[PDB]
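Only one structure is covered here, and it is reproduced in the block below.
There are 2 protein chains.
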Amino acid sequence: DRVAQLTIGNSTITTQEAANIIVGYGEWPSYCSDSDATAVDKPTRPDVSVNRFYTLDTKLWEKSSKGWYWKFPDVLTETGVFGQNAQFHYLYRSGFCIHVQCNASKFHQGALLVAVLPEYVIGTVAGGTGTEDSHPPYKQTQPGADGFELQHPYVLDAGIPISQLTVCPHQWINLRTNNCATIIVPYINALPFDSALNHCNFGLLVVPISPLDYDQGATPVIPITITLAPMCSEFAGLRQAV
Amino acid sequence: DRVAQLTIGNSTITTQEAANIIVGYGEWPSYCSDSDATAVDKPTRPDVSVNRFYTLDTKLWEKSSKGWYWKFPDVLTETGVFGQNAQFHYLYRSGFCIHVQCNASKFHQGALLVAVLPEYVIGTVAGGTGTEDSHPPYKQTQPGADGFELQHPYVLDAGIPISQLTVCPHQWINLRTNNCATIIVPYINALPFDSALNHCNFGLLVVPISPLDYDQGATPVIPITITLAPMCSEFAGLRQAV
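Structural data, given as structure tokens:
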């Protein structure tokens, strides 16, 4: 009976689940009172048009799915008015409300680990047995709004153990218990502003740790819907031409 | 020594000339507290980004120039962020600060009548002597930011005498006396909102009533620079796709 409305776009969702909302590193997104000049040409802080409810195309969870990831702000970099601001500016800074939701029956099974990893650098294979230095293409490093599937979830496609991914801001989605997860991410960088199109401040991982299962006859694919809203987006730069 | 700055764009100009600023029909541009629903999706009132100093390409005044006209909001309809708002919205409403300026020596001569005529309907020739019903093309009715030159200034290209154009909000530019003119135009319509791309609320006329003259050796063309800034622009509509 609860419909959460923010903007021009409206979303129906139950809140706040099993463990409430996870605020990453105990820190809400904030504007930039501090940095850096201060110049008159200083940040352009839009609201609430740009900072609205963006819902990506749904992903289909399967018995054999290895997991997916998205890069920020690369996901929205070509999406709507946020996409417009990110492209035709020089400096960028923002926080995010990330919301991941499943729709499944009480007869389905499985557990997703949803986590946020700052500076998520991808490493691909150098040959199954060998040392060939190839670096991932744009389709893999900056996979856009469509995201990308993990090749080796155990090492998070970066030689780093997923068993310890819970050191990052995270929330579990156990179909048995909850169908949704919300994570709040502040701007995290060694600089106050950076390039939106050349630097991805963090990655969003959604990995099945307990595989999807069901008896035959039930819907064989479970939808994972992702809604995300930028929170204290700030655009310096000025003019640009694609 | 005075530089008027409003926005992202800055303009150097002396103010306020011979007769001060002409406020059309004694009425400043206003927002829309009244009309019409009121709906929640109601107007989007941008500031000050969209409502900035737009300076069109300069026109060259000649001994033989008959005069020019521009249509509003057709002029800015493809110009910058205002152009963007006007195209991808359904309803539009705005006022304008129109500023026309000449650069000439104390050895040049001439007088421009700068006036604003609401609902400026163009009529072309039906044959020099005859009755053929042809209607002006888009290039003439909605000439864009580049404006259009009058064919028959005496009848304002509409069978209407220019000798009486001073019934409209107007200001004289007499090179002898002044080099600039400023006119303030409120939104004038039989409706509170309308189409920006299909309806031109008013026209801007600049006509030499006393022809440009000079002795040979002086610069033979006098520049007419036009700077205009929307004032209480209001955009209802919502979504659109070109």
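From first to last, the protein sequence lines are chains V and U. When we follow UniProt numbering, the leftmost residue of the first sequence carries the number 80, and every step to the right adds one. When we follow UniProt numbering, the leftmost residue of the second sequence carries the number 80, and every step to the right adds one. All residues carry an ideal CB built from backbone N, CA and C; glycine is no exception.
Hey, could you find the ends of the beta strand (DSSP E) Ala308(V) is sitting in? Element bounds for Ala308(V): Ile301 to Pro309.
Would a C-beta distance cut-off of 8 Å place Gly202(V) and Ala224(V) closer than the cut-off? Contact: no.
Tell me, please, whether the segment 291 to 301 of chain U touches the segment 154 to 168 of chain U by the rule of three or more beta-carbon pairs shorter than 8 Å. Because the criterion of three Cβ pairs below 8 Å is not met, the segment 291 to 301 of chain U and the segment 154 to 168 of chain U do not touch.
Would you tell me roughly how many angstroms separate the C-alpha atoms of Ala116(V) and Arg172(V), rounded to the nearest one? Between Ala116(V) and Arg172(V), the C-alpha separation is close to 15 Å.
Cα-Cα separation, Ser213(V) to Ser114(V): If you draw a straight line from the Cα of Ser213(V) to the Cα of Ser114(V), it is about 38 Å long.
I believe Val195(U) touches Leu283(U) by the beta-carbon criterion, under 8 Å. Please report the beta-carbon distance rounded to the nearest angstrom. A Cβ-Cβ distance of about 6 Å is found for the pair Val195(U) and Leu283(U), placing them in contact under the 8 Å criterion.
Under 8 Å by Cβ, that's how I've got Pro290(U) and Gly189(U) pegged, so tell me the actual separation to the nearest angstrom. Sure, about 6 Å apart at Cβ, within 8 Å.
So, helix, strand or coil for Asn164(V), using DSSP? In the three-state scheme derived from DSSP, where H, G and I count as helix and E and B as strand, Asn164(V) is classed as helix.
C-alpha distance - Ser274(U) paired with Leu317(U), whole-angstrom precision: Roughly 13 Å separates the two Cα atoms.
With 16 other CB atoms within 10 Å as the buried threshold, where does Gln95(V) fall? A residue is called buried once 16 or more other Cβ atoms fall within 10 Å of its Cβ, and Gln95(V), having fewer, is exposed.
Suppose only complete runs of 4+ residues qualify. What are the alpha helix (DSSP H) ranges in the segment 94 to 168 of chain V, listed by chain order? Listed in chain order, the complete alpha helix (DSSP H) runs (minimum 4 residues) inside the segment 94 to 168 of chain V are 159 to 166.
With distances taken Cα to Cα, identify the nearest neighbour of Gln250(U) among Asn99(U), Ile92(U), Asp80(U) and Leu85(U). Of the residues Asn99(U), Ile92(U), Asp80(U) and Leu85(U), the one whose Cα lies closest to the Cα of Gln250(U) is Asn99(U).
Using 10 angstroms around the beta-carbon of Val285(V), count the other beta-carbons present and answer buried if the total reaches 16, otherwise exposed. Buried, since its Cβ has 16 or more Cβ neighbours within 10 Å.
Residue burial classification, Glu313(V) (beta-carbon count within 10 angstroms, cutoff 16): Under the 10 Å beta carbon count, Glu313(V) is surrounded by 16 or more other beta carbons and is classified as buried.
Whether or not the segment 256 to 266 of chain V and the segment 175 to 186 of chain V are in contact is what I'm after, with contact meaning three or more pairs of Cβ atoms, one per stretch, closer than 8 Å; do they touch? With three or more CB-CB distances shorter than 8 Å, the segment 175 to 186 of chain V counts as touching the segment 256 to 266 of chain V.
For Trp147(U), count neighbouring Cβ atoms within 10 angstroms of its own Cβ and tell me buried if that reaches 16, exposed if not. For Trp147(U), the number of other beta carbons within 10 angstroms of its own is at least 16, and it is reported as buried.
Within 8 Å, strictly: CB atoms of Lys145(V) and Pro232(V): Remark: C-beta atoms of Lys145(V) and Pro232(V) approach each other more closely than 8 Å.
Between the CA atoms of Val321(V) and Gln243(V) - distance to the nearest angstrom: Between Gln243(V) and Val321(V), the alpha-carbon positions lie close to 40 Å from each other.
Cα-Cα, which of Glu228(V), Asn277(V) and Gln180(V) is closest to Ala165(V)? The residue among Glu228(V), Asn277(V) and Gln180(V) with its C-alpha nearest the C-alpha of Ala165(V) is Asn277(V).
Taking the CB atoms as reference points, tell me whether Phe281(V) and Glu198(V) lie closer together than 8 Å. Less than 8 Å separates the beta-carbon of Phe281(V) from that of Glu198(V).
For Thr220(V), the first and last residue of its enclosing alpha helix (DSSP H): Start and end: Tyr217 to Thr220.
With DSSP as the reference, identify every bridge partner of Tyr171(V), one or two as the case may be. Here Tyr171(V) is bridged, per DSSP, to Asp273(V) and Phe314(V).
Within 10 angstroms of the Cβ of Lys150(U), are there 16 or more other Cβ atoms? Answer buried if so, exposed if not. Under this definition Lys150(U) is a buried residue.
Close beta carbons around residue 352(U), own chain, < 7 Å, minus the five adjacent residues each side: No answer is possible for residue 352(U): the residues shown for chain U start at 80 and end at 321.
Considering Cα atoms alone, identify which of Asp126(V), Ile101(V) and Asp153(V) is closest to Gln219(V). Among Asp126(V), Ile101(V) and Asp153(V), the Cα nearest to that of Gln219(V) is on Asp153(V).
Which of helix, strand or coil DSSP assigns to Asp292(V): Strand.
Going by DSSP, what residue range makes up the beta strand (DSSP E) through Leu191(U)? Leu191(U) -> beta strand (DSSP E) spans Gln188 to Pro197.
May I ask you to report which of helix, strand or coil DSSP gives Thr245(V)? If DSSP states are grouped into helix, strand and coil, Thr245(V) belongs with the helices.
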